[PDB]
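This document starts with one chain, in the form deposited in one PDB entry, laid out as structure tokens.
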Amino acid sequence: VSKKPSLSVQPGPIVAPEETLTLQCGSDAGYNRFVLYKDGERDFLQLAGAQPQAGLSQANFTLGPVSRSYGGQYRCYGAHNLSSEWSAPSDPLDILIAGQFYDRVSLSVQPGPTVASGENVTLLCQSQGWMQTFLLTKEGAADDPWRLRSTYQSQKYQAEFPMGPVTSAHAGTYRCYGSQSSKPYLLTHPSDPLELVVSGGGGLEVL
């Protein structure tokens, strides 16, 4: 079986309802077709054609307006022609749907509103309602989010994300989400954005 393709997601793995996600499935093994499957479902979601140039071909699958159904794991496969056998599965891509619960989450800086140069930045995501996990994402750096299991503390459910000592790379806009146990790909509404700005070596929250 041929080497697996690569499956990427743009803009990012976490998507809000009524939005369209471009999943790019590409390879260098001269594939003229790519097929997309989700969570073991026997019917393929989409079949796409891509003319290989020197063996390099990419299919930009477009998911339609997203709903609670789009949440899960996605794998794409590649084939040389209509009758050829399919490649090995690509590495699984996790697509998460937001805005699926009424419970809200809040993102704050556990050290405090300002963090000094020698101090560490710790981002606290919390909710009054029961959450199994909390997810942290940064704007622009749209990769796989940082998921931490929740803890019951101070009659709240919360997770601390230790970012380490203040650095200039910590600057940016951050959002956290919550997920419940049975449906880990369904997330809450995003928390209010937390913009962090580097000031005098230190970090500050900017509104």
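The first residue of the shown sequence is 1; numbering continues from there.
Of 116-124 and 97-105, the stretch whose C-alpha atoms average the higher B-factor in the entry: Comparing 116-124 with 97-105, the higher average CA B-factor belongs to 116-124.
15-23 versus 181-189 - which carries the larger mean C-alpha B factor in the record: The deposited B-factors put 15-23 ahead on the C-alpha mean.
Ranked C-alpha temperature factor of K138 among modelled chain residues, by third: Highest third, going by the recorded CA B-factors of the chain.
Chain third (lowest, middle, highest) by recorded CA B-factor, residue given as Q110: For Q110, whose C-alpha B-factor we compare with every modelled residue in the chain, the answer is the highest third.
Third of the chain, ranked by Cα B-factor, where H170 sits: For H170, whose C-alpha B-factor we compare with every modelled residue in the chain, the answer is the highest third.
Entry-reported Cα temperature factor of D144, expressed as the chain third it lands in: Highest third - that is where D144 ends up once the chain's C-alpha B-factors are sorted.
Ranked against its chain, the third holding the CA B-factor of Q132: Its C-alpha B-factor, which the entry lists for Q132, ranks in the lowest third among residues of this chain.
Only in words, not in the display: the form deposited in another entry, which the text now covers.
Cα distance between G118 and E139, which in the other form differs by 3 Å or more from this form, closer or farther: Pair moves closer in the other form.
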